[PDB]
>>> print(open('protein24.cif').read())   # mmCIF, C-alpha atoms (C1' of nucleotides)
data_target
#
loop_
_atom_site.group_PDB
_atom_site.id
_atom_site.type_symbol
_atom_site.label_atom_id
_atom_site.label_comp_id
_atom_site.auth_asym_id
_atom_site.auth_seq_id
_atom_site.Cartn_x
_atom_site.Cartn_y
_atom_site.Cartn_z
ATOM 1 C CA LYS W 1017 0.000 0.000 0.000
ATOM 2 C CA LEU W 1018 1.783 3.108 -1.245
ATOM 3 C CA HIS W 1019 1.676 6.548 0.371
ATOM 4 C CA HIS W 1020 -0.086 8.078 -2.654
ATOM 5 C CA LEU W 1021 -3.276 8.072 -0.613
ATOM 6 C CA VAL W 1022 -6.403 9.499 -2.210
ATOM 7 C CA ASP W 1023 -7.221 11.478 0.953
ATOM 8 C CA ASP W 1024 -4.109 13.623 0.414
ATOM 9 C CA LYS W 1025 -4.188 13.954 -3.383
ATOM 10 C CA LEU W 1026 -7.745 15.311 -3.581
ATOM 11 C CA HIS W 1027 -8.013 19.089 -3.420
ATOM 12 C CA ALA W 1028 -10.603 21.572 -4.643
ATOM 13 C CA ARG W 1029 -11.138 25.325 -4.658
ATOM 14 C CA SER W 1030 -13.791 27.811 -5.749
ATOM 15 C CA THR W 1031 -12.444 30.908 -3.979
ATOM 16 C CA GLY W 1032 -9.723 31.022 -1.349
ATOM 17 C CA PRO W 1033 -6.476 32.779 -0.460
ATOM 18 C CA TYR W 1034 -4.912 35.021 -3.093
ATOM 19 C CA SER W 1035 -1.273 35.937 -3.605
ATOM 20 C CA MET W 1036 0.145 39.342 -2.713
ATOM 21 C CA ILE W 1037 2.758 40.429 -5.272
ATOM 22 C CA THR W 1038 0.238 39.555 -7.993
ATOM 23 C CA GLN W 1039 -3.420 39.015 -7.202
ATOM 24 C CA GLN W 1040 -3.665 35.521 -8.685
ATOM 25 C CA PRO W 1041 -4.497 32.611 -6.365
ATOM 26 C CA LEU W 1042 -1.587 30.946 -4.624
ATOM 27 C CA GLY W 1043 -0.762 27.250 -4.826
ATOM 28 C CA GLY W 1044 -0.817 24.102 -2.751
ATOM 29 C CA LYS W 1045 -3.245 21.704 -1.078
ATOM 30 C CA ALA W 1046 -2.856 22.899 2.517
ATOM 31 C CA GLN W 1047 -3.404 26.585 1.663
ATOM 32 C CA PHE W 1048 -6.556 26.112 -0.485
ATOM 33 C CA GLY W 1049 -4.800 27.048 -3.718
ATOM 34 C CA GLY W 1050 -5.873 26.797 -7.327
ATOM 35 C CA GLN W 1051 -4.601 24.605 -10.128
ATOM 36 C CA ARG W 1052 -2.149 26.124 -12.585
ATOM 37 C CA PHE W 1053 -3.416 26.830 -16.097
ATOM 38 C CA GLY W 1054 -0.063 26.778 -17.844
ATOM 39 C CA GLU W 1055 0.984 27.817 -21.321
ATOM 40 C CA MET W 1056 0.214 24.487 -23.010
ATOM 41 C CA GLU W 1057 -3.346 24.576 -21.652
ATOM 42 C CA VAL W 1058 -3.790 28.012 -23.219
ATOM 43 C CA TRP W 1059 -2.398 26.610 -26.478
ATOM 44 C CA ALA W 1060 -4.984 23.816 -26.348
ATOM 45 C CA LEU W 1061 -7.822 26.289 -25.836
ATOM 46 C CA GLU W 1062 -6.611 28.424 -28.743
ATOM 47 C CA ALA W 1063 -6.457 25.266 -30.869
ATOM 48 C CA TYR W 1064 -10.120 24.725 -30.030
ATOM 49 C CA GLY W 1065 -10.596 28.405 -30.812
ATOM 50 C CA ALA W 1066 -12.580 29.048 -27.625
ATOM 51 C CA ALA W 1067 -11.777 32.695 -26.962
ATOM 52 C CA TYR W 1068 -14.386 33.192 -24.240
ATOM 53 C CA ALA W 1069 -13.454 30.238 -22.024
ATOM 54 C CA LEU W 1070 -9.777 31.181 -22.288
ATOM 55 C CA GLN W 1071 -10.533 34.826 -21.470
ATOM 56 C CA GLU W 1072 -12.587 33.901 -18.411
ATOM 57 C CA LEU W 1073 -9.956 31.404 -17.259
ATOM 58 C CA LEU W 1074 -7.288 34.115 -17.549
ATOM 59 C CA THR W 1075 -9.152 37.265 -16.448
ATOM 60 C CA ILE W 1076 -12.266 36.282 -14.467
ATOM 61 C CA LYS W 1077 -11.116 33.232 -12.517
ATOM 62 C CA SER W 1078 -7.883 34.989 -11.448
ATOM 63 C CA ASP W 1079 -5.848 38.174 -11.679
ATOM 64 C CA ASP W 1080 -8.735 40.684 -11.473
ATOM 65 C CA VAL W 1081 -9.231 42.543 -8.200
ATOM 66 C CA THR W 1082 -12.782 43.630 -9.115
ATOM 67 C CA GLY W 1083 -13.932 41.018 -11.627
ATOM 68 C CA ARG W 1084 -13.794 38.139 -9.142
ATOM 69 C CA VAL W 1085 -16.043 39.835 -6.577
ATOM 70 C CA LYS W 1086 -18.553 40.936 -9.225
ATOM 71 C CA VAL W 1087 -18.666 37.424 -10.697
ATOM 72 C CA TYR W 1088 -19.223 35.919 -7.243
ATOM 73 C CA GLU W 1089 -22.067 38.398 -6.703
ATOM 74 C "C1'" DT F 1 41.610 43.483 -45.617
ATOM 75 C "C1'" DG F 2 40.790 38.397 -45.290
ATOM 76 C "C1'" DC F 3 41.732 34.827 -42.235
ATOM 77 C "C1'" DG F 4 40.385 31.488 -38.466
ATOM 78 C "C1'" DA F 5 40.320 31.482 -33.810
ATOM 79 C "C1'" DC F 6 39.945 33.392 -29.520
ATOM 80 C "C1'" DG F 7 36.980 34.986 -26.811
ATOM 81 C "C1'" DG F 8 32.962 36.893 -24.461
ATOM 82 C "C1'" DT F 9 28.143 37.006 -24.324
ATOM 83 C "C1'" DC F 10 23.755 35.148 -24.175
ATOM 84 C "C1'" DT F 11 19.891 32.225 -24.296
ATOM 85 C "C1'" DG F 12 16.780 28.047 -22.562
ATOM 86 C "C1'" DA F 13 17.437 23.672 -20.634
ATOM 87 C "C1'" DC F 14 8.365 19.491 -21.457
ATOM 88 C "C1'" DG F 15 4.428 19.852 -17.807
ATOM 89 C "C1'" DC F 16 1.705 19.880 -13.208
ATOM 90 C "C1'" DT F 17 0.600 18.717 -7.749
ATOM 91 C "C1'" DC F 18 1.206 15.231 -3.484
ATOM 92 C "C1'" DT F 19 5.063 17.165 -1.144
ATOM 93 C "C1'" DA F 20 6.641 22.888 0.579
ATOM 94 C "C1'" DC F 21 12.032 25.345 5.317
ATOM 95 C "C1'" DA F 22 14.777 27.592 7.217
ATOM 96 C "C1'" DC F 23 18.703 30.725 7.426
ATOM 97 C "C1'" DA F 24 24.622 31.812 11.886
ATOM 98 C "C1'" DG F 25 32.182 35.536 13.933
ATOM 99 C "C1'" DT F 26 35.042 42.173 16.306
ATOM 100 C "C1'" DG F 27 33.448 50.528 21.128
ATOM 101 C "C1'" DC F 28 31.317 54.194 24.180
ATOM 102 C "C1'" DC F 29 29.098 58.222 26.613
ATOM 103 C "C1'" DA F 30 27.909 63.145 27.318
ATOM 104 C "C1'" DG F 31 25.036 67.428 25.893
ATOM 105 C "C1'" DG F 32 20.933 68.993 23.777
ATOM 106 C "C1'" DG F 33 16.185 69.239 21.151
ATOM 107 C "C1'" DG F 34 10.798 67.233 20.783
ATOM 108 C "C1'" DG F 35 6.787 65.113 21.980
ATOM 109 C "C1'" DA F 36 4.680 61.664 24.360
ATOM 110 C "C1'" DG F 37 2.288 61.342 28.702
ATOM 111 C "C1'" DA F 38 0.339 63.865 33.604
ATOM 112 C "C1'" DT F 39 -1.459 68.566 35.819
ATOM 113 C "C1'" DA F 40 -4.390 72.390 37.665
ATOM 114 C "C1'" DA F 41 -6.760 76.186 35.960
ATOM 115 C "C1'" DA F 42 -10.078 78.588 32.691
ATOM 116 C "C1'" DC F 43 -14.023 80.688 29.593
ATOM 117 C "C1'" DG F 44 -18.165 79.377 28.198
ATOM 118 C "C1'" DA F 45 -22.267 76.515 28.344
ATOM 119 C "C1'" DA F 46 -26.274 74.085 30.034
ATOM 120 C "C1'" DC F 47 -27.707 71.976 33.828
ATOM 121 C "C1'" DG F 48 -30.489 72.265 38.206
ATOM 122 C "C1'" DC F 49 -32.944 74.626 42.021
ATOM 123 C "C1'" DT F 50 -36.025 78.098 43.379
ATOM 124 C "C1'" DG F 51 -41.031 76.851 43.974
ATOM 125 C "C1'" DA F 52 -43.850 80.577 41.897
ATOM 126 C "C1'" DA F 53 -47.713 80.999 39.001
ATOM 127 C "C1'" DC F 54 -51.686 79.892 35.746
ATOM 128 C "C1'" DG F 55 -55.490 76.979 35.301
ATOM 129 C "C1'" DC F 56 -58.115 72.902 35.872
ATOM 130 C "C1'" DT F 57 -61.411 69.628 38.203
ATOM 131 C "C1'" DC F 58 -62.738 69.565 42.323
ATOM 132 C "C1'" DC F 59 -65.532 67.991 46.987
ATOM 133 C "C1'" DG F 60 -67.640 71.230 49.250
ATOM 134 C "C1'" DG F 61 -69.485 74.044 53.473
#
>>> encode(input="protein24.cif", output="structure tokens")
Amino acid sequence: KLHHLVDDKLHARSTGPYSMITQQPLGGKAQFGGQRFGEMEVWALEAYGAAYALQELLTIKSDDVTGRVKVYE
DNA sequence: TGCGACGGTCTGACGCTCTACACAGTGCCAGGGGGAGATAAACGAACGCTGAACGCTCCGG
């Protein structure tokens, strides 16, 4: 029985702590952080040609000090 | 000037979380200027006391 237990791997977030130097969410399981949407993910969404989902994953769901609160409202 | 070569300069070196941590050897005091806190007083205000005074229902001889 390996120590890759499912109780430690599982992590989820809708809205939690945010970073300070830039207002994106921070990372990690213990600090309620969000998954990283890297460059290759953004390439995949451009290859689909989904401008709106990419825009909301880059501007709404992070990095906007006023958009996040308005979207939650 | 053409030649290699000599050299410095410069760049990145797939992706994520589960995990994830903190940081270490040599001086010393006196004189003087400001503002923080405690003090006792002060000019003005309104806060009370004085019941008085106006007016009412009143039980009444």
>>> interface_residues(input="protein24.cif", of="chain F", to="chain W", cutoff="12 Å", atoms="only C-alpha atoms (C1' of nucleotides)", output="number ranges by chain")
F: 14-20
>>> residues_around(input="protein24.cif", residues="stretch 1082-1087 of chain W", least_positions_apart="6", cutoff="10 Å", atoms="all atoms listed in the file", output="PDB file with C-alpha atoms, keeping the file's coordinate frame")
ATOM      1  CA  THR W1031     -12.444  30.908  -3.979  1.00  0.00           C
ATOM      2  CA  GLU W1072     -12.587  33.901 -18.411  1.00  0.00           C
ATOM      3  CA  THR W1075      -9.152  37.265 -16.448  1.00  0.00           C
ATOM      4  CA  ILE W1076     -12.266  36.282 -14.467  1.00  0.00           C
TER       5      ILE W1076
END
>>> closest_residue(input="protein24.cif", among="W:1065, W:1049, W:1040, W:1060", to="residue W:1079", atoms="only C-alpha atoms")
W:1040
>>> atom_distance(input="protein24.cif", atom1="atom CA of residue W:1034", atom2="atom CA of residue W:1047")
9.8 Å
>>> residues_around(input="protein24.cif", residues="residue W:1032", least_positions_apart="3", cutoff="8 Å", atoms="all atoms listed in the file", output="ChimeraX atom specification")
/W:1029,1041,1048-1049
>>> atom_distance(input="protein24.cif", atom1="atom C1' of residue F:13", atom2="atom CA of residue W:1074")
27.0 Å
>>> atom_distance(input="protein24.cif", atom1="atom CA of residue W:1059", atom2="atom CA of residue W:1042")
22.3 Å
>>> axis_aligned_box(input="protein24.cif", around="stretch 19-38 of chain F", padding_each_side="5 Å", output="AutoDock Vina command-line options")
--center_x 17.7 --center_y 43.2 --center_z 16.2 --size_x 44.7 --size_y 62.1 --size_z 44.7
